[PDB]
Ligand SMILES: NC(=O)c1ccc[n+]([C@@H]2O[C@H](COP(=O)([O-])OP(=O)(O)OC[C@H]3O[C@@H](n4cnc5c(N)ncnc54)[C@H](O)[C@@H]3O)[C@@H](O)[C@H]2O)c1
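A single chain comes next, written as structure tokens; it is the form solved without the named molecule.
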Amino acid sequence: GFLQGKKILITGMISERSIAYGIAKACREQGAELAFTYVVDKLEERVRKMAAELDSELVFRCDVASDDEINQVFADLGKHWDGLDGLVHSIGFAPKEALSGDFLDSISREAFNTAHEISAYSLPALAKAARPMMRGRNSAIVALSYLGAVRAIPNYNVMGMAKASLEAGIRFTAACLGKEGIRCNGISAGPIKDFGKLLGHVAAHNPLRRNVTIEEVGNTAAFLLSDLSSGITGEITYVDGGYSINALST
């Protein structure tokens, strides 16, 4: 496996359906050692269980709304690990009411603020807090994005703005940390397990004529966290079966 010796912290793993689980599993299959965060105490047990199946006992509470908690994760993790080789940002949130229907009717100041703070600011906040552990290690950050960053799409609404902010954050973080040997890249993932019809629309219209899997996203993340991708930084890689590059599909 090409992540032998790599130590990787993974956010956003709330179930076996989650993108972060696909990433965790892919990384574990390539020999990485893993650690995880959970946002709320209700999920702790479930996350510890998933971690254990992935050979990890390293699980930490981290509400990315809190600078203290973010920093505490790395202080606690640093007791176990000499350094951090990988960091996976797979977290986003916006109030449900802002994520459907008319873009302007559904948006509000509060939903905007929340969406950007949790979904976009969290990337540089985590990179900043991880920086002492990651610098000088030829390490890597991967963050998950979505086509709403760069295209107007139905129902994504304010999250589109937040993902665009995130994607810029990826570029700025990469430009910031490259000299210290830390890479930062994104994956714009296609939709995964109107939602049934979204999936159908994509599978009918993309070059691969199917939806992508968490394994496909996971393996791309594993590559971007590995030294195999050492020439790549500030990149958004589309794992959508070619969807974004197709047009005029009647």
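If you superpose the two forms and keep the largest set of C-alpha atoms that fall within 1.5 Å, you have the rigid core. Only residues modelled in both forms are compared. Sequential numbering from 1, following the sequence displayed.
Per the record, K193 and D194 are separated by a gap of 4 to 9 residues from the deposited sequence that were not modelled. Per the PDB record, of the two stretches 206-214 and 35-43, 35-43 carries the greater mean B-factor over its C-alpha atoms.
Mean CA B-factor, 225-233 versus 13-21: the higher value falls on 13-21.
Sorting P132, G160, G78, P154 by the CA temperature factor given in the entry leaves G78 at the top. Of the residues listed, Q72, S119, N113, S139, the entry assigns the biggest Cα temperature factor to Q72.
Annotation for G101: C-alpha temperature factor in the middle third relative to the rest of the modelled chain, per the entry.
When the modelled residues of the chain are ordered by C-alpha B-factor, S244 sits in the lowest third. Per the deposited record, the Cα B-factor of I182 falls in the middle third when ranked against the other modelled residues of its chain. Ranked against the other modelled residues of its chain, the C-alpha B-factor of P95 as given in the entry falls in the highest third. For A26, the recorded CA B-factor ranks within the middle third of the chain. Only modelled residues enter the ranking.
Keep in mind the form deposited with the named molecule bound is missing from the figure; the text below concerns it.
With a 4.5 Å cutoff on heavy atoms, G186 does not count as touching the named molecule in the deposited complex; it lies far away. Although the partner is absent here, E29 is not a contact residue: none of its heavy atoms lies within 4.5 angstroms of the named molecule in the deposited complex. The closest heavy atom approach of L208 to the named molecule in the deposited complex falls outside 4.5 Å.
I182 falls outside the set of residues with a heavy atom inside 4.5 Å of the named molecule in the deposited complex.
Taking a 4.5 Å heavy atom cutoff to the named molecule in the deposited complex, the contact residue among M161, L177, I118, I107 is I118. The single contact residue among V39, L54, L58, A203, judged by any heavy atom lying within 4.5 Å of the named molecule in the deposited complex, is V39.
Checking 141-149, 128-136, 78-86, 167-175 against the named molecule in the deposited complex, the stretch whose residues place heavy atoms within 4.5 Å of it is 141-149.
In the deposited complex, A189, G190, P191, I192, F195 are the residues of 176-198 with at least one heavy atom within 4.5 Å of the named molecule, listed from first to last. At a threshold of 2 Å in C-alpha displacement, with the core superposed and only residues shared by both forms counted, 194-197 is the one segment of at least 3 consecutive residues that shifts between the shown form and the other one.
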